[PDB]
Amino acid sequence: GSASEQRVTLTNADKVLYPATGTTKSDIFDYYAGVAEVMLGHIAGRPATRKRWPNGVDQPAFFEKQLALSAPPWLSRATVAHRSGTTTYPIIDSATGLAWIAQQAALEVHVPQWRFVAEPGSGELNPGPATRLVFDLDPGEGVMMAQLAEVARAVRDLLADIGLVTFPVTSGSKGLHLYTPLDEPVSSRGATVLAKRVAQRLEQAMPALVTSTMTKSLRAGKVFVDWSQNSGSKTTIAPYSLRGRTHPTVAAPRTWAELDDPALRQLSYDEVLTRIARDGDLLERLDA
């Protein structure tokens, strides 16, 4: 047989991971198979952080970064050297990798905004430049859909001023993520400076509606435009990832027109599958 053959065996297919909806391991396994083609492009080359709920969303969960030796040997992996040590992460780059994610009850896949880059001579994978910016728009107390959308459109307009395109993704939880592919990749530190400059410019433009800082007392009635996830040490829920919440909602790509809907809400995994069939990947232009 082939040494590099990728195989995953689904166990406990009937096990309910979302008690509120009765969503099972098998549901999740089929979901990740269903979204593989559109999901993979946006996690390719990135260290994948997992959040796992072995007995579902009403039972304890844990983040996992290092790839355990018990994990399939055929999974791609690469190392990040940080201040305190060294971490070797999985890189999910095949449908069977996503099958492994399902089998792990890794409901959530989280990635940074940079990709590993192979050295010309050595071929060793090392962290490379940011390929895209992400903004996390977190609505504060009492912020309406009209305001959050208004703020998203303001971000998009400022980015267009600098020749960039913006893609909205409702997070699956409470807020809204905006991605923009960089014309020239730049260091994560540089990406973070740029993202910060954008958030501060918007805050200057609409200080009643937007904050660029974490400070808790300034949050009420404002959208927090979080630029800090562009840090190379930070990770953000991957597009098409499930969320480990009461319902199986998804970090779902949207159209700008959809954000114009006052009835805007998070989308469930079944809706996301139907939308892929109809429209393909709304994020097709974000990566590759």
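Residue numbers here begin at 1 and follow the sequence given.
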May I ask you to compare 50-58 and 225-233 by their mean CA B factor in the entry and name the higher one? 225-233
If you average the CA temperature factors as listed in the entry, which stretch comes out higher, 125-133 or 76-84? 76-84
Checking the entry, which one of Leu98, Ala152, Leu202, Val117 has the top C-alpha B factor? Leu202
Looking at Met145, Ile91, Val109, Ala102, which has the highest Cα B-factor in the entry? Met145
Of the three thirds of the chain ranked by Cα temperature factor, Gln113 occupies the lowest
Using the B-factor values recorded in the entry, state whether the Cα atom of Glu64 falls in the lowest, middle or highest third among the modelled residues of its chain. middle
Within this chain's modelled residues, let me know which third the CA B factor of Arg275 belongs to: lowest, middle or highest. middle
Split the chain's modelled residues into thirds by Cα B-factor; is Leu259 in the lowest, middle or highest one? highest
Relative to the other modelled residues in the chain, which third contains the C-alpha temperature factor of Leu40: lowest, middle or highest? lowest
